[PDB]
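Single-structure report; data block below.
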Amino acid sequence: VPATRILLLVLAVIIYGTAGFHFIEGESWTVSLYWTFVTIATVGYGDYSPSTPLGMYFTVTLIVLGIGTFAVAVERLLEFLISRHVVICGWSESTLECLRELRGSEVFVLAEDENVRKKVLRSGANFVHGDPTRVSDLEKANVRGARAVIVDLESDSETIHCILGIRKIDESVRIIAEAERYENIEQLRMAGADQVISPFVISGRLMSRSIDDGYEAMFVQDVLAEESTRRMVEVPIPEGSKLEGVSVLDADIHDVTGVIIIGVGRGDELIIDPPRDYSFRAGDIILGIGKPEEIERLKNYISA
Amino acid sequence: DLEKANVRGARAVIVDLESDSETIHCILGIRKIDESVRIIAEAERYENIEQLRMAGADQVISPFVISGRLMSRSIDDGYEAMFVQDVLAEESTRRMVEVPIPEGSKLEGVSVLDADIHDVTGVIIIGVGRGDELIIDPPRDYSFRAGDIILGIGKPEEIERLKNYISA
Amino acid sequence: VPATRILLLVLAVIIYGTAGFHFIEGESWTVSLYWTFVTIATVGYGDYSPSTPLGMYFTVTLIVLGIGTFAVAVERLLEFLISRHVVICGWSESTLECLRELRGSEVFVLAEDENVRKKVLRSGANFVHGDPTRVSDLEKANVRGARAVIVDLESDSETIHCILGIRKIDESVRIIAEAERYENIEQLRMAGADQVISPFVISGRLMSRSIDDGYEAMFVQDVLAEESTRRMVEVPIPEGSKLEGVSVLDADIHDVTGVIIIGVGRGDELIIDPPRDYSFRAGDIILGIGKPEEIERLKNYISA
Amino acid sequence: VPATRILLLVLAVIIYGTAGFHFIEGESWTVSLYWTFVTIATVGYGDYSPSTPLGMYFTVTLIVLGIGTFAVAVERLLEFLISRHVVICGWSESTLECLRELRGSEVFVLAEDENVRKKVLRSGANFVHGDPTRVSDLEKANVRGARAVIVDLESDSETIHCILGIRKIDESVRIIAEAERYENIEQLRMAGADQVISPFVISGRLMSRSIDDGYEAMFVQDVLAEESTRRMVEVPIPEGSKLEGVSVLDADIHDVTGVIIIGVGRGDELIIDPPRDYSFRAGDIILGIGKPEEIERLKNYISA
Amino acid sequence: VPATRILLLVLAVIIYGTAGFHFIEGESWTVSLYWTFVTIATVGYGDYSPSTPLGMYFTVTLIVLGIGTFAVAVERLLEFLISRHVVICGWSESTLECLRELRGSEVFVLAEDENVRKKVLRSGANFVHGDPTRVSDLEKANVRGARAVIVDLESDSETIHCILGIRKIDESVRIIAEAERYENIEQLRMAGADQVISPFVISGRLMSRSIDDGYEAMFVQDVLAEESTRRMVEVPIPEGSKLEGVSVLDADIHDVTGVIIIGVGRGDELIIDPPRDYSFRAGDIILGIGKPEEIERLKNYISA
């Protein structure tokens, strides 16, 4: 029974008891209200009680009509009294490994299947039941206050629908989508995903380059793992550093530090193996590979 | 039906079936026939990589692990996913290549510091591989051997300059 | 346990307690009955209580035999205590938007699926499980007293079947149907539908008239939406009005009131763009578009 | 929790409360026992209550330890204080009309679907959930003590499986089966059905004979209905009648009675329109059509 | 709700009631605490009660906030006051009959489906929900300590996968598998199965040897059924027996004991119809058929 209906029913009992006791027994409205609560709660202090036969009959009726109603009301009342996050739309293996790598951050998971709640709660993420393509269920999972939304649904049509729903809610959040087919990459970028990660294209190109000898697949699957001695990290050039205007040919970062500078990125553009006259700026993101000691040495070298 | 498709005369077998149990079964069926052919598998789950390598696959390529690690590392900015997805496409300006070291070359015993590959040629040397191991960012005391594989990134003019520089 | 058996059991406890207290403690039959209720309900005012050892023992027996029996009785009692309507046959998108606009009235949704119960009750309608083609399941949903029945089923044959069933039940109710194909409009009107609405014919004509520029679709979907500034209203001419027997040329509604007279209706006919020699009568319905200030000016204009 | 353990627990609470109140508050053992019941039942008359701080603390402990224990005890106490049939396997329309015609007899229904229990219980038959092809579920529905089993399953393979299961349980019961295809009639007779009723063969032959004028379908669907003036009933010739050895040509039953003798059956063989020298016996079942007055006259004519 | 949270909630109610009654009604802290318990437990002696309008209102609030909280607290308190196994991976017909013969021991059935739980628990085994191919779901079902693991999954690739998983967990346990095709027996034995049973090969050979007369199928299905008179028993030769170093020609088991010596086994090999020069050893297993009196005579024959 809806809680609000139970509320009305108990209020009606309260009115019935209070008016009855007031008129039959002649006590004040306040005393009559108090007596009604004491009676229907089954407290029964006995400071007030009926002294007439009509009052006795009336009290038996209030007992029968009121005690059950009050009991159901209190139990229903019980129920009502008793950086940012990352939202993940859909549940797959890619999102499972992403959730493995995202320990220590607050992760919501928006999925349609109800029987995945055990593995979502075991992996360390809050589960939000719902359809990721619907704007109300997208909204509930706190898409507004997020810092990144990761979309991995069953097909590319549902992924594009989810991306357009998220862009209807928040036009500033970051969307990381996954392409299931190759030709839908530009369409997933047209819908509004900030970056499209196509895993089957990477897998097919590694399986094609691994016929002769598989050094490329070993390199990719080793530097992406946070278990090896060398790690791929992005250091930013701070505002007011010693490197503004200095080219990479004048810098020789691999000579002084020992990290391998494989790319320099600005904004959303990356140039792999930049030429010698590329002039550094403040804000350029250096993508390099080296040991964490070399990483700390590179941070100390490009300091303010 | 495996012996139908000429597994004995092949040089590489690529096994990507519907599930991982089927992949291990097909790898066992291949190793029944030709015990030395090269098998490239694909792991649909992270737990099955050691089983696919025990069953006989020379190279296991797990796409969902790579996708999850590129998803989790692109929350801030996706230069790593851009690097991975742009170095593999056979249309870009820079290419990842494997260059073998011939016998009788100019770099027998020469360390990587005295070889000075990046300033002379322009090829970013990300790893020197040998056999079935790959050493990413090798230290400065690493002495080369005739038979090593140099894995690098560069423009094809720099690749030709590297091949002409290590030539015998 | 059947409710009636629980009733007998609690009555037996009541007789036992009342007779016992009367004979052992010497209180009147009425006081003894009242004391029995107060005791087995666990209210226990203490205005009456046993004063003899036998009465104390008896009271403990009544407590043990009576409190559980009364508790089960009140909970079983709980269960039994705890213009005209519109019936909607079938559940789809058209009936969903119709239910969205029909707030405030009583709506009974008759549907085959049981899983639509939560969305029907969340949209604000009482769900009646059944088959809309059966006559008995139609009579369950109170078709006899309703003021309109809206039929929209899966196919067109099921719609004609439900219309024939409603016409077998009631020969006066208003039936609104939805045609799936253009050929079945005359069959639905012969079978008894008071109005047949064909959404695919309207959609095809709007999609074919929206090639060059789509002002027709904008006009239709703006005057049907009750969020815009202008609304399409039907204003009936009352008996004894000032406009009985005037032509629409001499009446000149648009400049004096501000509304746009797009058509006039009589009975079951409609005259769009009525010519200037059309003499008004009493009881005619004026179909117009205008701002609600102009609608109220037109309503005050046509007064008696 | 075993009922006897709950008994011990409540007795222990009673001892605790009684001894405590007696020693702390100084009331008699009997008053203390009574007070303990009144308190742990939450009646609380207040004729007795603690008047010392120690007694107040003790009473709060008794309330906490005793009220729940007493509640569980009373609820546990509640529990201790408080010709033959026809089995139908499967649910179809044919079994629905058979169950309509079988009012007043005890009917079990063995079906797999759980969501037919409402219509089975509304039609006047007990519902037994189960698979009709399984021998244990066949057995539960009391196939042994039945007088006839009616098998109408989805296909002919399941019908033959059900017939063989029933013949494994009871080799003497009567099985009435329904053929869905024409060629499976002899196989349904081989499995062990006593009579196979093929409705689509009857329907196809009536639809073939109803091209010119449909008098045959009117005759069949009228004499099978128990609503017309003429009824098809089988009268048996009793042991020791006036008709033994008398042929139908010497009898002239239609001349003396007015019933139409369309067939005479013996055992499981029926001869429609028997010839004139057919000698009657004792035990031959006369199949005739007539009004119930003519039926009673025919019963009085062939009497002993 | 965690028990400790309910504890805090009831303590908060107690503080609220005690402080309120003390300040509003002016009773001592101890009396106020006692009154609060008496009230929220619904005992209501009435020795103390509010005498001011504010106290009456406050008491109604305590009744509403406190009675439900106390009720939930007492019920939660109630709760605190009051050889080795065999694992079966997968559920089918073969594992069902294997579970029927394996009564008395502890059996853990590991299966993907959740709807097989009732039939597994009715057959007499503890159901463990999981995936038999996963290593973690294997380790959940206690494969490490078991004495045999029976693998029968949907396909043969899943069976090889589960065998590889069990061999990754434990290198000593006994694995029994079921082959679907004849080609995979060697792959299942290479993957680590201690015994491969192929039901379709046995069935095909029995169906091909049952064309002329089927005494082979009768022999197999009678000596495997534990309801016949003769049973196929394995009788091990103990250390220090009378038959160490005798040939089977000189031992002459069949005439002196009554059993039929069809084969002898050693380690993982079996010699069917062993020749007369075969010298017995200690530890050998004798495979024989006979009545249990003959089996006990053979057991007493081979004693130390």
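Within each chain, counting starts at residue 1; across the structure tokens, chains are named A, B, ... in the order shown, with ligands numbered 1 upward in that order.
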
Computed after least-squares fitting of chain D to chain C on all C-alpha atoms in order, what is the RMSD in Å?
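The fitted C-alpha deviation between chain C and chain D is 5.1 Å.
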
Proximity check chain E to chain B, 7 Å, nearest pairs one decimal Å, only C-alpha atoms, as CSV:
```
residue,atom,partner,partner_atom,distance
E:157,CA,B:21,CA,5.4
E:158,CA,B:21,CA,5.6
E:161,CA,B:21,CA,5.6
```

Give me a file of those residues, with C-alpha atoms, as a short mmCIF file (atom, residue, chain, number, x, y, z; two decimals), in the first residue's frame.
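Here's the written file out_13.cif:
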```cif
data_model
loop_
_atom_site.label_atom_id
_atom_site.label_comp_id
_atom_site.auth_asym_id
_atom_site.auth_seq_id
_atom_site.Cartn_x
_atom_site.Cartn_y
_atom_site.Cartn_z
CA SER E 157 35.92 -27.71 -25.53
CA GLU E 158 34.33 -26.63 -22.25
CA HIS E 161 38.84 -26.06 -20.41
#
```

Best match for closeness to chain A among D:45, D:91, D:278, D:127, counting only C-alpha atoms
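That would be D:45, the residue with the smallest distance to chain A.
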
For chain D, list the residues within 10 Å of chain A, counting only C-alpha atoms, and write the list as a VMD selection string.
chain D and resid 42 to 46

Please provide as JSON, numbers by chain all residues within 10 Å of residue D:257, with the sequence filter that same-chain residues fewer than 4 positions apart are discarded (counting only C-alpha atoms).
{"D": [252, 253, 290, 293, 294, 295, 296, 297, 298, 299, 300, 301]}

Restricted to N, CA, C and O atoms, what would the selected residues look like written as an mmCIF file, in the first residue's frame?
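The new file result05.cif reads:
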```cif
data_model
loop_
_atom_site.group_PDB
_atom_site.id
_atom_site.type_symbol
_atom_site.label_atom_id
_atom_site.label_comp_id
_atom_site.auth_asym_id
_atom_site.auth_seq_id
_atom_site.Cartn_x
_atom_site.Cartn_y
_atom_site.Cartn_z
ATOM 1 N N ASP D 252 -40.746 -52.186 -33.924
ATOM 2 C CA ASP D 252 -41.276 -50.881 -34.341
ATOM 3 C C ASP D 252 -41.258 -49.876 -33.191
ATOM 4 O O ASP D 252 -42.300 -49.436 -32.699
ATOM 5 N N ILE D 253 -40.045 -49.540 -32.750
ATOM 6 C CA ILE D 253 -39.877 -48.649 -31.604
ATOM 7 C C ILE D 253 -40.299 -47.230 -31.960
ATOM 8 O O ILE D 253 -40.856 -46.505 -31.128
ATOM 9 N N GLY D 290 -34.755 -38.202 -29.382
ATOM 10 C CA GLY D 290 -36.147 -37.882 -29.114
ATOM 11 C C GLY D 290 -36.260 -36.924 -27.952
ATOM 12 O O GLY D 290 -35.282 -36.630 -27.261
ATOM 13 N N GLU D 293 -39.797 -36.729 -22.933
ATOM 14 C CA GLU D 293 -41.025 -37.487 -22.731
ATOM 15 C C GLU D 293 -40.995 -38.787 -23.525
ATOM 16 O O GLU D 293 -41.362 -39.850 -23.009
ATOM 17 N N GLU D 294 -40.524 -38.722 -24.774
ATOM 18 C CA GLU D 294 -40.342 -39.929 -25.570
ATOM 19 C C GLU D 294 -39.238 -40.809 -24.997
ATOM 20 O O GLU D 294 -39.302 -42.036 -25.113
ATOM 21 N N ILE D 295 -38.238 -40.209 -24.347
ATOM 22 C CA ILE D 295 -37.166 -40.991 -23.731
ATOM 23 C C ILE D 295 -37.693 -41.770 -22.531
ATOM 24 O O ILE D 295 -37.396 -42.964 -22.367
ATOM 25 N N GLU D 296 -38.514 -41.122 -21.695
ATOM 26 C CA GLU D 296 -39.134 -41.815 -20.569
ATOM 27 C C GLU D 296 -40.133 -42.870 -21.036
ATOM 28 O O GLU D 296 -40.230 -43.943 -20.425
ATOM 29 N N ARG D 297 -40.844 -42.605 -22.139
ATOM 30 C CA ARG D 297 -41.736 -43.612 -22.710
ATOM 31 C C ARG D 297 -40.961 -44.807 -23.250
ATOM 32 O O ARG D 297 -41.414 -45.952 -23.131
ATOM 33 N N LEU D 298 -39.785 -44.563 -23.837
ATOM 34 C CA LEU D 298 -38.950 -45.656 -24.327
ATOM 35 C C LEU D 298 -38.376 -46.464 -23.172
ATOM 36 O O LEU D 298 -38.233 -47.687 -23.274
ATOM 37 N N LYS D 299 -38.050 -45.799 -22.063
ATOM 38 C CA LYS D 299 -37.586 -46.512 -20.876
ATOM 39 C C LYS D 299 -38.701 -47.364 -20.280
ATOM 40 O O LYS D 299 -38.460 -48.483 -19.815
ATOM 41 N N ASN D 300 -39.933 -46.852 -20.299
ATOM 42 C CA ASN D 300 -41.056 -47.627 -19.782
ATOM 43 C C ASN D 300 -41.453 -48.754 -20.728
ATOM 44 O O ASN D 300 -42.071 -49.733 -20.294
ATOM 45 N N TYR D 301 -41.115 -48.642 -22.016
ATOM 46 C CA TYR D 301 -41.496 -49.681 -22.968
ATOM 47 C C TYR D 301 -40.543 -50.870 -22.917
ATOM 48 O O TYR D 301 -40.973 -52.020 -23.056
#
```

Show me, as a ChimeraX atom specification, the residues that have an atom within 10 Å of residue C:138 when counting only C-alpha atoms, minus same-chain residues fewer than 2 positions from it.
/C:87,89,110,128,130-136,140-144,162,165-166,169

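Using only C-alpha atoms, the smallest distance between any of D:279, D:228, D:210, D:126 and residue D:244 comes from D:279.
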
For residue A:261, find every residue with an atom within 8 Å (counting only C-alpha atoms), except residues of its own chain fewer than 2 positions away, and show them as an NGL selection string.
:A and (253-254 or 259 or 263-264 or 273 or 286-289)

Shell of 8 Å around residue B:60, only C-alpha atoms, local chain residues under 2 positions omitted, as a PyMOL selection string
chain B and resi 40-43+49+52-53+57-58+62

Just the selected residues (N, CA and C atoms), exported as a compact mmCIF listing (two decimals), in the first residue's frame, please.
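Result written to part_0.txt:
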```
# COMPACT_ATOMS: atom_id res chain seq x y z
N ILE B 40 49.06 -17.48 -33.46
CA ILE B 40 48.70 -16.21 -32.85
C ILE B 40 47.26 -16.32 -32.38
N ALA B 41 47.04 -16.24 -31.07
CA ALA B 41 45.72 -16.43 -30.50
C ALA B 41 45.13 -15.09 -30.11
N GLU B 42 43.95 -15.14 -29.51
CA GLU B 42 43.28 -13.96 -28.99
C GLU B 42 42.50 -14.33 -27.74
N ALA B 43 42.81 -13.68 -26.63
CA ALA B 43 42.21 -14.01 -25.34
C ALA B 43 41.00 -13.12 -25.10
N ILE B 49 45.12 -16.24 -20.39
CA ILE B 49 46.31 -15.97 -21.18
C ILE B 49 47.39 -17.01 -20.91
N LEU B 52 46.29 -20.19 -22.64
CA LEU B 52 46.50 -20.14 -24.08
C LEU B 52 47.98 -20.21 -24.42
N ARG B 53 48.85 -19.79 -23.51
CA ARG B 53 50.28 -19.91 -23.77
C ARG B 53 50.81 -21.29 -23.40
N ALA B 57 50.13 -21.51 -27.96
CA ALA B 57 50.15 -20.30 -28.78
C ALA B 57 51.44 -19.52 -28.54
N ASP B 58 52.11 -19.16 -29.63
CA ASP B 58 53.35 -18.41 -29.54
C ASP B 58 53.13 -16.96 -29.13
N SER B 62 45.39 -9.94 -26.34
CA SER B 62 44.14 -9.77 -25.62
C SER B 62 43.62 -8.36 -25.86
```

Could you pull out all residues of stretch 42-175 of chain C with a DSSP call of strand (DSSP E or B) and give them as an NGL selection string?
:C and (86-89 or 107-111 or 126-129 or 148-151 or 175)

Keeping N, CA and C atoms, export the residues of the selection given above as a short mmCIF file (atom, residue, chain, number, x, y, z; two decimals), in the first residue's frame.
```cif
data_model
loop_
_atom_site.label_atom_id
_atom_site.label_comp_id
_atom_site.auth_asym_id
_atom_site.auth_seq_id
_atom_site.Cartn_x
_atom_site.Cartn_y
_atom_site.Cartn_z
N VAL C 86 -12.67 6.85 -18.18
CA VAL C 86 -12.23 6.61 -19.55
C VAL C 86 -11.50 5.28 -19.58
N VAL C 87 -11.83 4.43 -20.55
CA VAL C 87 -11.20 3.12 -20.70
C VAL C 87 -10.26 3.17 -21.89
N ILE C 88 -9.06 2.63 -21.71
CA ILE C 88 -8.05 2.56 -22.77
C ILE C 88 -7.73 1.09 -23.00
N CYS C 89 -8.01 0.60 -24.20
CA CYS C 89 -7.77 -0.79 -24.56
C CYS C 89 -6.43 -0.88 -25.28
N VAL C 107 -8.80 6.74 -15.31
CA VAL C 107 -8.46 6.01 -16.52
C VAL C 107 -8.21 4.55 -16.17
N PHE C 108 -8.90 3.64 -16.86
CA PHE C 108 -8.72 2.21 -16.68
C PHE C 108 -8.07 1.63 -17.92
N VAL C 109 -6.85 1.14 -17.78
CA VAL C 109 -6.07 0.62 -18.89
C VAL C 109 -6.20 -0.89 -18.91
N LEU C 110 -6.76 -1.42 -19.99
CA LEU C 110 -7.00 -2.85 -20.15
C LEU C 110 -5.95 -3.41 -21.10
N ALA C 111 -5.14 -4.35 -20.62
CA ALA C 111 -4.01 -4.81 -21.40
C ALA C 111 -3.73 -6.28 -21.12
N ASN C 126 -5.43 3.23 -13.41
CA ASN C 126 -5.69 1.94 -12.80
C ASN C 126 -5.61 0.84 -13.84
N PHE C 127 -4.73 -0.13 -13.60
CA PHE C 127 -4.51 -1.22 -14.53
C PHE C 127 -5.52 -2.33 -14.29
N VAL C 128 -6.12 -2.81 -15.37
CA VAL C 128 -7.08 -3.91 -15.34
C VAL C 128 -6.55 -4.99 -16.26
N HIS C 129 -6.10 -6.10 -15.68
CA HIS C 129 -5.53 -7.17 -16.49
C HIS C 129 -6.63 -7.93 -17.21
N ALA C 148 -15.84 7.68 -22.77
CA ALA C 148 -15.16 7.38 -24.02
C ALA C 148 -14.29 6.16 -23.82
N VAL C 149 -14.16 5.36 -24.88
CA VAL C 149 -13.28 4.20 -24.91
C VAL C 149 -12.29 4.39 -26.04
N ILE C 150 -11.00 4.29 -25.73
CA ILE C 150 -9.93 4.48 -26.69
C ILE C 150 -9.33 3.12 -27.01
N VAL C 151 -9.42 2.71 -28.27
CA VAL C 151 -8.97 1.39 -28.70
C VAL C 151 -7.72 1.55 -29.54
N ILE C 175 -16.45 5.64 -29.05
CA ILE C 175 -15.29 4.81 -29.34
C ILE C 175 -14.35 5.60 -30.23
#
```

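Between atom CA of residue B:132 and atom CA of residue B:84 lies a distance of 21.9 Å.
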
Shell of 12 Å around residue D:23, only C-alpha atoms, local chain residues under 3 positions omitted, as a PDB file with C-alpha atoms, in the first residue's frame:
```
ATOM      1  CA  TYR D  16      13.750 -13.935  36.241  1.00  0.00           C
ATOM      2  CA  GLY D  17      10.985 -11.347  36.293  1.00  0.00           C
ATOM      3  CA  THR D  18       9.019 -12.941  39.135  1.00  0.00           C
ATOM      4  CA  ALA D  19      11.957 -13.472  41.465  1.00  0.00           C
ATOM      5  CA  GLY D  20      13.357 -10.012  40.711  1.00  0.00           C
ATOM      6  CA  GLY D  26       8.678  -6.907  48.018  1.00  0.00           C
ATOM      7  CA  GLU D  27       5.421  -8.055  46.447  1.00  0.00           C
ATOM      8  CA  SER D  28       4.142 -11.612  46.939  1.00  0.00           C
ATOM      9  CA  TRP D  29       5.228 -14.409  44.614  1.00  0.00           C
ATOM     10  CA  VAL D  31       1.567 -10.744  42.484  1.00  0.00           C
ATOM     11  CA  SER D  32       5.128 -10.824  41.118  1.00  0.00           C
ATOM     12  CA  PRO D  50       8.493  -0.563  40.686  1.00  0.00           C
ATOM     13  CA  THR D  52      12.646   1.983  43.780  1.00  0.00           C
ATOM     14  CA  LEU D  54      16.792  -0.619  41.454  1.00  0.00           C
ATOM     15  CA  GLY D  55      13.273  -1.800  40.556  1.00  0.00           C
ATOM     16  CA  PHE D  58      15.391  -4.107  36.724  1.00  0.00           C
TER      17      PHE D  58
END
```

Atomic separation - atom CA of residue A:218 relative to atom CA of residue B:94, Å:
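Going from atom CA of residue B:94 over to atom CA of residue A:218 covers 19.3 Å.
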
Give me, as a PyMOL selection string, the residues of stretch 25-224 of chain E that a backbone DSSP run labels helix (DSSP H, G or I).
chain E and resi 25+29-40+53-81+93-101+117-123+135-140+156-169+182-191+199-208+215-223
